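Here the structure comes first, spelled out in structure tokens, and everything after it is commentary.
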Amino acid sequence: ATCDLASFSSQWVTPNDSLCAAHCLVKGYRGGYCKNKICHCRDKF
């Protein structure tokens with residue numbers, strides 16, 4: 001149950017809410033350990 005997924009609309013019908021995408025995408029990340037709800041990406045693409 002790692003929060004290393006939910007990369008926006010990659011494999012989810014995500015509308016805009018980052019969760020583990022949008023925020024990271026700004027820098028260029030797509031996966032990381034989650035805290036509370038938002039994943040703090042620790043891997044850049």
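Residue numbers start at 1 in each chain; chains themselves are named A, B, ... in the order of the structure tokens; ligands are numbered from 1 in the order shown.
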Could you go through chain A and tell me which residues DSSP, when run on the backbone, assigns to strand (DSSP E), listing them as a JSON list (two decimals) with C-alpha atoms, in the first residue's frame?
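Output below, filename states-v8.json:
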```json
[["chain", "number", "residue", "atom", "x", "y", "z"],
["A", 32, "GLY", "CA", 7.25, 9.39, -2.83],
["A", 33, "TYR", "CA", 6.41, 8.57, 0.78],
["A", 34, "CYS", "CA", 3.04, 10.05, 1.74],
["A", 35, "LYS", "CA", 2.33, 12.14, 4.82],
["A", 38, "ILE", "CA", -0.13, 14.04, 0.07],
["A", 39, "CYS", "CA", 2.87, 12.00, -0.98],
["A", 40, "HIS", "CA", 6.21, 13.72, -0.68],
["A", 41, "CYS", "CA", 7.88, 12.57, -3.86]]
```
How would you write, as an NGL selection string, the set of residues in chain A that DSSP gives as helix (DSSP H, G or I)?
:A and (22-27)
Taking only C-alpha atoms into account, which of A:12, A:17, A:30, A:7 comes nearest residue 42 in chain A?
A:30
Atom pair CA of residue 18 in chain A / CA of residue 4 in chain A: separation (Å):
12.6 Å
Would you list the contacts of residue 6 in chain A as a list in words, taking every protein, DNA or RNA residue within 8 Å and counting only C-alpha atoms, but skipping same-chain residues closer than 4 positions in sequence?
residues 10, 11, 12, 14, 19, 20 and 21 of chain A
Could you tell me how far CA of residue 2 in chain A lies from CA of residue 43 in chain A, in Å and to one decimal?
13.8 Å
Give me the residues near residue 44 in chain A as a PyMOL selection string, where near means some atom within 12 Å (using only C-alpha atoms) and where sequence neighbours in that chain fewer than 6 positions away do not count.
chain A and resi 21+24-32
With N, CA and C atoms retained, could you export that selection as a short mmCIF file (atom, residue, chain, number, x, y, z; two decimals), in the first residue's frame?
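This is the output file again-v9.cif:
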```cif
data_model
loop_
_atom_site.label_atom_id
_atom_site.label_comp_id
_atom_site.auth_asym_id
_atom_site.auth_seq_id
_atom_site.Cartn_x
_atom_site.Cartn_y
_atom_site.Cartn_z
N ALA A 21 1.11 13.79 -7.45
CA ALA A 21 1.39 14.13 -8.84
C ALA A 21 1.63 15.63 -9.05
N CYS A 24 4.35 17.47 -7.28
CA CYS A 24 5.63 16.89 -7.64
C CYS A 24 5.99 17.18 -9.10
N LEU A 25 4.98 17.14 -9.96
CA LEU A 25 5.16 17.36 -11.39
C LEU A 25 5.82 18.70 -11.68
N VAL A 26 5.56 19.69 -10.83
CA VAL A 26 6.15 21.02 -10.99
C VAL A 26 7.67 20.91 -11.06
N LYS A 27 8.24 20.20 -10.09
CA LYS A 27 9.68 19.99 -10.06
C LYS A 27 10.07 18.90 -11.05
N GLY A 28 9.24 17.87 -11.13
CA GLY A 28 9.48 16.77 -12.04
C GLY A 28 9.61 15.44 -11.31
N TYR A 29 8.78 15.25 -10.30
CA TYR A 29 8.79 14.01 -9.51
C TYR A 29 7.48 13.27 -9.72
N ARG A 30 7.47 11.95 -9.52
CA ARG A 30 6.25 11.17 -9.72
C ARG A 30 6.10 10.00 -8.74
N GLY A 31 6.48 10.22 -7.49
CA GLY A 31 6.36 9.17 -6.49
C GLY A 31 7.15 9.45 -5.24
N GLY A 32 6.57 9.15 -4.08
CA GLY A 32 7.25 9.39 -2.83
C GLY A 32 6.42 8.99 -1.62
#
```
